[PDB]
Amino acid sequence: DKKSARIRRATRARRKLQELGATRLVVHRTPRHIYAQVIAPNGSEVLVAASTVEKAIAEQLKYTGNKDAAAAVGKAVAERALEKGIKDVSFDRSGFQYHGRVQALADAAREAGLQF
Amino acid sequence: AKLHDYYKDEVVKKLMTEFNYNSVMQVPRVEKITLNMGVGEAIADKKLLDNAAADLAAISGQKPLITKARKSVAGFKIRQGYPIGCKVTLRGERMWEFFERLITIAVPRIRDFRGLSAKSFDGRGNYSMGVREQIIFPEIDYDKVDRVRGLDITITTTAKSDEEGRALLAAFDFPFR
Amino acid sequence: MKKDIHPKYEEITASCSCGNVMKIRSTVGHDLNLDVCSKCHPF
Amino acid sequence: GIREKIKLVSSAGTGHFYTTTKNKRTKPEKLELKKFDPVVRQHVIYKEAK
Amino acid sequence: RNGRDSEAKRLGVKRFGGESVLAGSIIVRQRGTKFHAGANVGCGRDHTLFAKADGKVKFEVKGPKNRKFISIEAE
Amino acid sequence: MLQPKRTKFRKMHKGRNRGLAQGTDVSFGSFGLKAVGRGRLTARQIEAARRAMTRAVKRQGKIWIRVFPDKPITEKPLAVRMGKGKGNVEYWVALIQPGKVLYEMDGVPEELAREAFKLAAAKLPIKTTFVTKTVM
RNA sequence: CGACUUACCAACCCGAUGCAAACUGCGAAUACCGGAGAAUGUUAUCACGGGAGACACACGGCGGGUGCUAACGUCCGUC
RNA sequence: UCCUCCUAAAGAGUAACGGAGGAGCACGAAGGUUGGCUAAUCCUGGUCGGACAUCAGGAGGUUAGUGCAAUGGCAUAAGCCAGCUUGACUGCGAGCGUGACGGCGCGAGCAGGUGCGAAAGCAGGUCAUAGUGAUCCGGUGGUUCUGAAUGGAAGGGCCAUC
RNA sequence: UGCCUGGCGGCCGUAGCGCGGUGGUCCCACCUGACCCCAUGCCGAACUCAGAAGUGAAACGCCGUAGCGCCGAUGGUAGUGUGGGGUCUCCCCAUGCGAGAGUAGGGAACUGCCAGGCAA
């Protein structure tokens, strides 16, 4: 199962970040509408979220679910986090290879202020 | 690829009408084919493995991989991690052209032909069979090879049972004698 | 698809004795001559 | 105890050396690990010797 | 042909639930991991559990496998 | 001569016979022999009792044995000093607690059943009583 | 190349019955460790210093190994 | 002498010429990190091939495996595969466990300089528990520390090691 | 506020399996192609990129069903600390603690944060 394999892949990282006790930037990727979220160390609340599923961010990019979409979401999370106040975060692959859209989102985020 | 268009042209409709499914994807469809060659005699002479792999590359469109023994058994004098066979799995588009070569030029050239078997089903919808000699495929000139070893074929589809798998194969004008 | 590890997969036209001609991509080589095919055979 | 002990001598002029073990029957070639030399406080190549 | 034995390794729980410990103190000595490290608890190379912070030690059961965990709360 | 096959260990500790019997009810036949006393039965005693009943019933009905030795017992050879290791295994015994059902039987009249069990109990070292299958 | 029966041998499983110091999908009483509290006890506690003796133990109860669930036998745990 | 289980009486420890077995290693990778993967046993179809080679599907969920006997542990895998590598590093070390002692074990963290990863991070050998021998005497390399009138040297000391 | 959907958790079998039904407005999945990014110890299988035709088949979510797993009393029983007694290799009395298995029964979940669509 794709989901079961993915959860098994990301379990070690999630546990490592959980015991470390640090805010983590978690990204969920699908064939469309790449998501992104910021989670408190306790893991119970979401500091801020962004994605291409809402019209506020989906009204510019031609198509959601590409490199451009990842950069927009990656950038979008940036100023939101900077405005909120949190600066340092830990990136979570969530079992997605850090190659394409995931890398583009992270690259946009780190260059936008969320260094990690 | 030509039969893939043929499959997409009316065979899907033929499957649709006969089983009157609710949807279109319910019809069984082939996803991959697998070629096996359990040589077994690697112990006597491991050098022949390379050429045994070579001919499979002649029939197939890609390089085979050599499989290793799952475990060591004293009854066969084989140790764990020792190559004792090769296989090939082909899917996507290349499977279709190979399926042509099997169904058009290979089956007719069977020595002492009697008819393709129809009871060779695993019980879930997957078909398997074997061949005596390589010359059935055109890629053997009878002078560059001097071995009688055969090979095994196996086509797997998304059928939930044998009845639709047999019906789907029948749509491909299989002998089934 | 890996490079420079697979045999050449060029197209080639093959015809049999009963007048049926078809194009197939394989590793047969330069030319091919057949006598029977799917049809025109006592199967 | 076929495994026997060797000495790894730093490529630098310093006389510092490490001591380890190896099997000459299986791996007869020399050992060229890159280790830390505290006399010069740098990582340098260490060569096998008696 | 018997008569051989090994010196006892004095394993077991060294600090029990609800008693304060200093950082670096050994809590449990074990061969495997009968208890898994929790919060402010580190695991040694020999699966020894030691306190990484000063506080009260507590035991609990967590996870889908109901495996036992040792934590420390700064109290 | 009941005896296990390829037991895990040749020797085992003496242990104790405290406690109370578990198989205290008739489960297979219609009549049974219940153990009143506490002790151990050797394999030879079980065989002797079994032969006594089979002859008594004249191979009519069914016989069930509800006890197995599965416990080796050692014994030092004569003129051997104490020590020098555990003794060699000699015979196998079954520990019996009060209420244990030793033998069960079915397919014979109650009258003939009583004498058959009485003959068997005469060749056992523990007080026994006759019981009948109960309804639930 | 189809295929069939069985008065006869029997695997794996299902239902019932047991056994285990070196079996545990369960699990006490006590004991042990830590914290708070009252009373009681000639500080009964700990650390340091001076001086020792002792390191052949025995029986009884309880939990055992060994022996024959023999020994005023032998070897351990606790009083 | 050392290691594992039981005896051992639910903390630790606990004897017998009591009941069972092992060790005097191995590995420059079988170590470090990054990425990925998940067995045994059965059922059906299939050339040699046959109960037991390899292929496909299904039940199964770890009865597999874990370099070496046993116990405990291991899916975040400690199990299996591949890339890059030498942290199997130097000086320390709060605080603990264990011993009559000699001693043995665990260890966050700090400084220096490294490897893997985009990064958070991990790495002071190996899933852990056996694979080991005090002191004396002497050998090898470094270090003006000393060097018995002075300058050297011999010989000692210190450090690494046999 | 409600029916829904996705992510991150709490909690961990009353939460897990089996059978039947139900879902495409969004979301999710399958799905087309892959010259380029990326990968196959062979394979667009898996991973990754460019897409959205088609579809709810499979998977996933929800509902129903006890057919299993699971939870589970009260009472009794076993064992047991302390103090006594006996026909003492085992038991009994006073007091304290009190199982395991089984039985009646329960049971096919609950809950926090964020984001999106519909109706409000």
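Convention: sequence-line order gives letters A, B, ...; per-chain numbering from 1.
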Are the ring of [X] and the base ring of [N] both nearer than 5.5 Å at their centres and tilted by less than 30°?
X	N	result
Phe91(A)	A118(H)	no
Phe50(E)	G107(H)	no
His28(A)	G7(I)	no

| Near RNA chain G, which residues from residues 47-57 of chain A have a heavy atom under 4.0 Å away? |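 Output list: empty, so none.
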
Phosphate OP1/OP2 of [N] contacted by [X] side-chain N/O (<4.0 Å):
X	N	value
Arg14(A)	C8(I)	yes
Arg45(E)	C106(H)	yes
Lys14(F)	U69(G)	yes
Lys3(A)	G7(I)	yes
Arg29(E)	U129(H)	no
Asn23(D)	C27(H)	yes
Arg101(A)	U48(I)	no
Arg9(A)	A46(I)	no
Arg10(E)	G99(H)	yes

| task | State plainly whether the residues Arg166(B) and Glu164(B) are in salt-bridge range, i.e. N to O under 4.0 Å. | result |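 Here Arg166(B) does not pair with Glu164(B) in a salt bridge, since their nearest N and O are not under 4.0 Å apart.
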
| Electrostatic pair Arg10(E)-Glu7(E), nearest N-O below 4.0 angstrom |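 Result for this pair is yes, salt bridge flagged.
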
| Does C49(I) pair with anything, Watson-Crick or G-U wobble, both distances under 3.5 Å, and if so, with which nucleotide? |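 Pairing partner, where one exists within any strand: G33(I).
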
| Counter-base of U25(I), judged by Watson-Crick or G-U geometry with both distances under 3.5 Å |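 Looking at the geometry, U25(I) pairs with no nucleotide.
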
| task | Round to the nearest Å and state the distance from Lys9(E) atom NZ to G11(H) atom P. | result |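 One finds 20 Å between P of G11(H) and NZ of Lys9(E), rounded.
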
Check residues 147-154 of chain B and write down every donor-acceptor pair under 3.5 Å in which the side-chain atom is one partner and the other belongs to a residue at least two apart or another chain.
{"unit_1": "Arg149(B)", "atom_1": "NH1", "unit_2": "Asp55(B)", "atom_2": "OD2", "d": "2.4"}
{"unit_1": "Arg149(B)", "atom_1": "NH2", "unit_2": "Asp55(B)", "atom_2": "OD2", "d": "3.1"}

| field | Contacted groove, taking side-chain atoms of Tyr63(A) that come under 5.0 Å of paired bases | value |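 It is the major groove that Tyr63(A) approaches.
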
| request: Label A78(H) north or south, basing it on the sign of the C1'-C2'-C3'-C4' dihedral. | output: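 It is south, as the sign of the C1'-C2'-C3'-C4' dihedral turns out negative.
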
